[PDB]
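Trainee: pasting the sequence and an experimental structure:
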Amino acid sequence: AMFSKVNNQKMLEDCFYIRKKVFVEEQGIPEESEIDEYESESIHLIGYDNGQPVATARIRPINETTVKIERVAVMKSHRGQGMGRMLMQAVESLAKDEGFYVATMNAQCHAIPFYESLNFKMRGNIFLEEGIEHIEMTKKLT
């Protein structure tokens, strides 16, 4: 499994393909919803396994120091804590390399133990209103 910053149109298409299969086909979200106005201003990451595109994420600067990690998609046959850790390590490395200090991301309840094992920290209120089962998490990259 190898991870790289997207620096050409093919690598990008590889990212949208993975997201089409996961978000649109597997999960039912519309293609023109998921590919948004923020694509152009984000950095993209692609992971390959034996030459095959299997994982992507985008890293969207919100200011000089902080990036939001979004649109993370991994092909079903490659999902697990191992891949999760490899993906997040690559995302962190890329963000650092691009001159950022903080990563933020949204997490559902089931994922919080995983993010905590990566030294992400909850941000926000101490209580979630019934119906809210997601939170922002943040990590200092330095």
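Mentor: Received it, and whenever you're ready, just let me know what you need. Residues are numbered from 1 along each chain as shown.
Trainee: what's the lengthiest helix in the chain in contact with?
Mentor: Among the segments of the chain that qualify as a helix by DSSP state H, the longest is helix 81-97. By C-beta atoms under 8 Å, 6 or more residues apart in numbering, the surrounding residues in contact with helix 81-97 are 1, 3, 5, 43, 45, 47, 54-55, 57, 59, 67, 69, 72, 74, 103, 114, 118, 139, 141-142. (Each C-beta comes from the backbone N, C-alpha and C, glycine too.)
Trainee: now do 7 Å
Mentor: 1, 3, 5, 43, 45, 47, 55, 57, 59, 67, 69, 74, 103, 114, 118, 141 (C-beta atoms under 7 Å, 6 or more residues apart in numbering).
Trainee: next, find the distance separating the last one from residue 25.
Mentor: As judged by C-beta to C-beta, to the nearest Å, residue 141 and residue 25 stand 33 Å apart.
Trainee: check residue 59 too.
Mentor: 24 Å.
Trainee: which of those two has more neighbours?
Mentor: A side-by-side neighbour count of residue 59 and residue 25, using other C-beta atoms under 10 Å, places residue 59 first with 23 against 11.
Trainee: surely that one and residue 67 touch.
Mentor: Yes - using C-beta atoms under 7 Å, residue 59 makes contact with residue 67 at a distance of 4.7 Å.
Trainee: quick one: the helices in the protein?
Mentor: Using DSSP H, helices in the chain cover 9-19, 31-34, 81-97, 112-117.
Trainee: pull the CA atoms of the longest one into PDB?
Mentor: Going back to what we said before, that points to helix 81-97. Extracted in PDB, the C-alpha atoms of helix 81-97 (Å, rounded to 0.1, in the frame of the first residue of the first chain):
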ATOM      1  CA  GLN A  81      -7.700  -0.400  11.600                       C
ATOM      2  CA  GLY A  82      -4.500  -1.200   9.800                       C
ATOM      3  CA  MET A  83      -5.500   0.700   6.700                       C
ATOM      4  CA  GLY A  84      -7.000   3.400   8.900                       C
ATOM      5  CA  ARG A  85      -3.700   3.900  10.600                       C
ATOM      6  CA  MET A  86      -1.800   3.900   7.400                       C
ATOM      7  CA  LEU A  87      -4.100   6.400   5.800                       C
ATOM      8  CA  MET A  88      -4.100   8.800   8.800                       C
ATOM      9  CA  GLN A  89      -0.300   8.600   9.000                       C
ATOM     10  CA  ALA A  90      -0.100   9.600   5.400                       C
ATOM     11  CA  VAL A  91      -2.600  12.400   5.800                       C
ATOM     12  CA  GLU A  92      -0.700  13.700   8.800                       C
ATOM     13  CA  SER A  93       2.600  13.600   6.900                       C
ATOM     14  CA  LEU A  94       1.200  15.400   3.900                       C
ATOM     15  CA  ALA A  95      -0.400  18.100   6.000                       C
ATOM     16  CA  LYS A  96       2.900  18.600   7.900                       C
ATOM     17  CA  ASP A  97       4.800  18.700   4.600                       C
END
